[PDB]
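Colleague: Sharing a structure, written as structure tokens. Questions coming.
Residue numbers (the working numbering), protein chains in the order written: chain A, 5 to 56; chain B, 176 to 228.
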């Protein structure tokens, strides 16, 4: 718990932490797939100008 | 008689070869249409040119 109780908080201030541990794992999966699809898109962008 | 046999058969042979050349030209024009549209890359068109040649 990351707030002093009975105090004024701001909009967007972090209150708790709910142990990600699975939301980290699927984020690692999505970042791992993005790291290859972005590379293939960046290579095909260079090859499309030479009609290869 | 050998020359008469050659005169008899070379007309059909050259008609068949000229039809083969015309069909290869039509295949090259179709591959060029698929390249200009954007479905085929340039290596397929270069593969069709030497098949015409």
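Beta carbons are placed, not taken as given, at the ideal position from N, Cα and C, and that holds for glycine.
#1: Confirm, please, whether the CB-CB distance from residue 220 of chain B to residue 198 of chain B is below 7 angstroms.
#2: Below 9 angstroms on C-beta distance, what does residue 56 of chain A contact in chain B?
#3: Restricting to Cα atoms, I'd like to know which of A/53, A/34, A/47 and A/44 is closest to residue 213 of chain B.
#4: Please list the terminal residues of the continuous alpha helix (DSSP H) segment that includes residue 184 of chain B.
#5: Sort B/176, B/179, B/225 and B/178 by Cα distance to residue 203 of chain B and report the nearest one.
Modeller: In short, the structure shows the following:
#1: Their beta carbons are not under 7 angstroms apart, which means residue 198 of chain B does not touch residue 220 of chain B by this criterion.
#2: Correct list: 216, 217 and 218.
#3: Here the closest residue by C-alpha is A/53.
#4: Taken as a continuous stretch (DSSP letters only), the alpha helix (DSSP H) holding residue 184 of chain B covers 177-212.
#5: Cα-wise, what sits closest to residue 203 of chain B is B/225.
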